[PDB]
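Chain and residue survey
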Amino acid sequence: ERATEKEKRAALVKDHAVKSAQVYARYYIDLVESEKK
Amino acid sequence: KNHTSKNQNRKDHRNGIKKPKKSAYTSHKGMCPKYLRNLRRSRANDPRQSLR
Amino acid sequence: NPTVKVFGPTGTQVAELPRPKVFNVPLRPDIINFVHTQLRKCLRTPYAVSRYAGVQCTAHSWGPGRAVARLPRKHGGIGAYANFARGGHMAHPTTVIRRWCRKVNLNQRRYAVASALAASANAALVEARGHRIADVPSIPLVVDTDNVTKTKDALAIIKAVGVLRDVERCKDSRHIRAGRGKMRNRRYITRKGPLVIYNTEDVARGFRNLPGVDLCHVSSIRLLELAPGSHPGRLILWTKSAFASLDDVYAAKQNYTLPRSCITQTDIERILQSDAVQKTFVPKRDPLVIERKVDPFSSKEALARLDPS
Amino acid sequence: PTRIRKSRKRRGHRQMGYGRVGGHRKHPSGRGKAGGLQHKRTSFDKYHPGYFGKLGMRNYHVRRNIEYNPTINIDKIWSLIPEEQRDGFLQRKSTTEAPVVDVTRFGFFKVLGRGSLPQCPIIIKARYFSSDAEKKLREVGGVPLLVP
Amino acid sequence: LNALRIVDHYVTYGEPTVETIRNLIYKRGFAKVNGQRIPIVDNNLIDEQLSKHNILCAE
Amino acid sequence: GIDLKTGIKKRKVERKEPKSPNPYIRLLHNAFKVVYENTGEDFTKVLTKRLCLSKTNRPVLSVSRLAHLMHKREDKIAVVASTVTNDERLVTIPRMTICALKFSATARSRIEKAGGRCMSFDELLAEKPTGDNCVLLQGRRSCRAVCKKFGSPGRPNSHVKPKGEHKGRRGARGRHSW
RNA sequence: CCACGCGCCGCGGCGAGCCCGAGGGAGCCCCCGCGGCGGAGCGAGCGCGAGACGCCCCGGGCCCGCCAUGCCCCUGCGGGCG
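Criteria and thresholds
Residues numbered from 1 in each chain as written, not as in the entry; some residues may be left out. Chains lettered and ligands numbered in written order. Part of a larger assembly, values for the part shown. Heavy atoms only, no water. Helix = DSSP H or I, 4+ residues; strand = E, 2+ residues; numbered from the N terminus. Buried < 20%, exposed > 50% of the residue type's maximum accessible area, 1.4 Å probe, protein only. Areas by Shrake-Rupley, 256 points an atom, 1.4 Å probe, with all protein chains shown as cover. Salt bridge = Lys/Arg side-chain N within 4 Å of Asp/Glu carboxyl O. Near = heavy atom within 4 Å. Polar contact = N/O pair within 3.5 Å; in protein donor to acceptor, adjacent residues only side chain to side chain. Nonpolar A, V, L, I, M, F, W, Y, C, P; charged D, E, K, R; others polar. 1 Å grid on protein atoms, 1.4 Å probe; cavity = no way out; pocket = protein on both sides within 12 Å on 5 of 7 lines; lining within 4 Å. Points joined across faces, edges and corners; volume = space filled by probe spheres on them. Patch = residues over 30% accessible without salt bridge, like charges linked within 9 Å, V, L, I, M, F, W, Y side chains within 5 Å. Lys, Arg positive; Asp, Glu negative; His and termini not counted. Charge placed at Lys NZ, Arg CZ, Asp CG, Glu CD. Pairing = 2+ DSSP bridges. Axes fitted to C-alpha atoms, helices over the stretch in contact; angles between N-to-C directions. Contact = heavy atoms within 4.5 Å. Buried area = accessible area lost by both parts, 1.4 Å probe.

As recorded in the PDB header, cryo-EM is the method behind this entry, and the stated resolution is 3.35 Å.

Here it is in structure tokens:
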């Protein structure tokens, strides 16, 4: 059961990461643009 | 050397600068006797009382 | 309650005797070794050097200006009266006022002999001590040996109860020892063999000249005989009378109660495998994975773990 | 054992644990408890109060047996009573045949009252009794008696 | 910032760029789990100690 | 060079193993440690350290103290890590279940006559290894004569008796006699 | 280095107890075996003399002696209760 929980948790972190990496990238790009405007 | 205070503050701060310990703050040493007698008289009644 | 078997001179089981309480006593190697060490020091004979040694000659320091060391010198100028001087006293002379004997409490001495007797009844300890006991039919060995006055009779009884290989291990082991011990009246060393304990029987003459065989009476069981080298585990050939009277000798100690039996390592292991402890045991959280560092940017598989996208 | 001693672990170290600046020297501070009021005054003050001076009356010869005053507390009087007798005495209470203890036979001349006594009435005999001894014994119903 | 000025001679300081932070966290980053220096090679270790703070992954 | 001498304050010495040559004490300490590793019950964490203590740290507990301590809880099994001893002062001992490292013969007879059971640490491990219905009790550590004399006598606030006979006026008859 | 005395620590036996004292026992390491030390303290002494708590530790409270002081009262510079 512990291995099953570990597999489930690993996917949740990977999913959070595939989304956050893209959300945060927009934030960094927007920060450069916002100061310029 | 007749006198040196060098190193003295390194020795003091090596394992020192120690607090005066608890039970020194709440000590009754030097408290007025009349107040201390009143405290004992008040304590010896009902829940605070510790006699049989 | 277990009963030990009593063998005859022929070596056949003849009768059974109930087990004495002394064997049940806990086996304490630490107590037997402490009591063994102090008792063997008590037997020591006092040695010392002469008081007048190295101070018989007349030597006074030459003093400064003579281009010589200041140590006391004889009329010749020969160094004397010093530890570093040939013909000089010891810096700290050996003295007879040393306390050769140590002291043990009677209870502690009684505890050590009770534990040594218990070790004798443990077969593993006797074999570990180096006795040959594979042939011997039961440990403890109790034999109905009548008054044996002939060594040949004693050898026959010992062959028939299996103690012969131990008697031969000690006979073939006699050698001249190493060191200056030879010159000091300690020339030959032989192995230690079976210990005969006897009560109301003349078995001493028969077994006295057997090699490695030592004899003792049940009233004065000696610890040094019971634990040779501080190691408990003596092969003990008990006579029927001696074994029967062991529980009577222990009563004769006016106010001594044999130490109460305690668990063994095997008993502790069995409890640690018992259902009650296993029910209490709780499973631990899974450990952490350390994983040695690798450059993430070095490979896309490495980068993926930190950055999936 | 000499082999297990620290001195045999100081071989090769020269001074042997005594210091290069000041080595072991013959009696450096003087022989015995000397200098008590002068250079060792600090030690005698910090650890020995009452070492110096005369305190009270001097008896040229003390009679040790005359000043021997063994004492017993009221709590232990019942232990002198053997266990077999003790349980029966306690259960039956009893004033007609109460237990009688002569502490002097057991080796004690004075009774004191440190603890408490069981309710059973008990007659206690001694050469002297404390005030509490008498009060606690009388309250239990026991009689404090003097012994010739 | 007042404490840092006292120790200025011993240190060098500046505002870090996001790429500088990423390179330090990825190439040289090591955790402090159980007072041990555990290398951060996966998003699992960060999740384990920082899920309460919502810091699930390296990003 | 790394500066490890700042907020770091040395290491402490705590006895992790019993110095007892007795094989029995080592057998129980290892057993109670095995239970503690598998189930981290705090009753077992203390028992494991109470078996590693010294004789001075492990004081005697009489059947009189145990009666007073278990006055409200007769059902609970007293667990003492030292010797249980008799108190001739207490005429009647109550029934109590006590587990100890040793019971004096006079104490053992009294507890059994009362109907109480004198357990042993091995028996406690077999029945209640985690320590359910059991109270870890301790004797008074600072009851030793050696503890009473610890300190500097002759200091104004010390309140400790001097080690020798002394028998003199200076320093004793009050603050002024110094 | 050894002896002896003191302090502290660890360990073993036993436990309000504990103890190879000198010795004695046909008796060698076995058995038996007092003081002593601890268990009560304090006061110059006369003398008097501890319970109320308390896992432990500490602090407080209370009790004992010494030192005062106020009452009460017996068998009275004596006892008690503060």
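Across its full length, chain B carries two helices and zero strands. The burial tally for chain B puts 4% of its 52 residues in the buried class. Just so you have it, chain B exposes about 5,600 Å², and 51% of that area is on carbon and sulfur atoms.

Residues and elements named next belong to chain C. For the structure shown, the criterion picks out 25 salt bridges over all chains. Where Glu 225 meets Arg 222, a salt bridge forms, and the shortest distance between an N and an O atom there is 3.1 Å. Residue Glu 225 is classed as buried on the basis of its relative accessible area of 11%. Owing to a relative accessible area of 47%, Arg 222 belongs among the partly exposed residues under this scheme.

Not every one of the 83 residues close to RNA strand G is listed here, only the nearest: C:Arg28, C:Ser219, D:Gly113, D:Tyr128 and F:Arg173. Sugar plus phosphate, as a fraction of atoms of RNA strand G within 4 Å of the protein: 68%. Taking C:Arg222, its side chain carries an N or O atom lying 3.4 Å from a base nitrogen of RNA strand G. Within the contact set of RNA strand G, a phosphate oxygen lies 2.8 Å away from a side-chain nitrogen or oxygen of F:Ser142. Ranked by the residues each element gives to the surface near RNA strand G, the list is headed by helix α3 (residues 106-120) of chain C, at six residues. Residues belonging to the surface near RNA strand G are distributed by class as follows: 21 nonpolar, 33 polar and 29 charged.

Moving on, we get to the layout of surface pockets. Each pocket or cavity is described by its volume, and for the largest pocket that value is around 1,600 Å³. Around the largest pocket sit 42 residues that line it, and C:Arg28, C:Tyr111, F:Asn22, F:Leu101 and F:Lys102 are the ones nearest its centre. Among the elements of the structure, α2 (29-42) and α3 of chain C together with α1 (23-38), β5 (102-103), α4 (105-114), β6 (118-120) and α5 (121-127) of chain F are those that each provide at least two residues to the lining of the largest pocket. Tallying contributions element by element places α4(F) first for the lining of the largest pocket, with four residues. Across the lining of the largest pocket, the residue classes tally to 19 nonpolar, 13 polar and ten charged. The space that makes up the second largest pocket amounts to roughly 1,000 Å³. For the lining of the second largest pocket, the secondary-structure elements that each account for two or more residues are α1 (2-36) of chain A together with β2 (36-39) and α3 (43-50) of chain E. Here the lining of the second largest pocket takes seven residues from α1(A), the largest share from any one element. Taken together, the residues of the lining of the second largest pocket sort by class into ten nonpolar, four polar and 14 charged.

On the surface, a cluster of positive charge is contributed by B:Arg10, B:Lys11, B:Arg14, F:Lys5, F:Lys10 and F:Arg11. With respect to the element layout, F:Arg11 can be found in the segment before α1.

All names here are of chain C. One open sheet accounts for six strands, arranged β2-β1-β5-β10-β8-β9; its pairing is mixed. Strand pairing shows two members of the sheet lacking a second neighbour, β2 (13-18) and β9 (214-217), which therefore form its edges. In this sheet, adjacent strand axes meet at a mean angle of 30° when their direction is disregarded. Relative to β9, strand β8 (residues 195-198) is paired through four bridges, and the arrangement is parallel. Bridge pairing links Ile 197 to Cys 216 in β9. Helix α9 (residues 240-252) contacts β1 (3-7), β2, β5 (141-143), β8 and β10 (236-239) of the sheet and is inclined by roughly 90° relative to β10.

What follows deals with the pairing of strand β2 (residues 77-80) of chain F. Residue and element names in this part refer to chain F. Residue alternation in β2 divides its side chains into two sets, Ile 77 and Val 79 and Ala 78 and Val 80, and both sets are buried. By the bridge criterion, four bridges tie β2 to strand β7 (residues 134-137) in an arrangement that is parallel. Across the sheet, residue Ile 77 finds its bridge partner in β7, namely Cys 134.

In this section: the interface of chain D and chain F. The partner chain F presents 19 residues to the 23 residues of chain D that form the contact. Across the interface of chain D and chain F, roughly 1,900 Å² is buried in total on both sides, 53% from carbon and sulfur atoms. A salt bridge links D:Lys76 to F:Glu88; the shortest N-O distance between them is 2.9 Å. Inspection of the region where chain D meets chain F yields nine residue pairs in polar contact. Class assignment for the residues of the side of chain D that touches chain F results in ten nonpolar, four polar and nine charged.

Take unusual backbone geometry next. As a rule of thumb, non-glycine residues mostly have phi less than zero, and peptide bonds are mostly trans rather than cis. Along the chain, C:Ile139 connects to C:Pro140 via a cis peptide bond; the corresponding omega equals 5°. In this fold, C:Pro140 is placed in the loop between α4 (123-128) and β5. Of note, the phi angle at F:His159 is positive, near 60°, even though the residue is not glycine. Mapped onto the elements of the fold, F:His159 is located in the segment after α6 (145-149).

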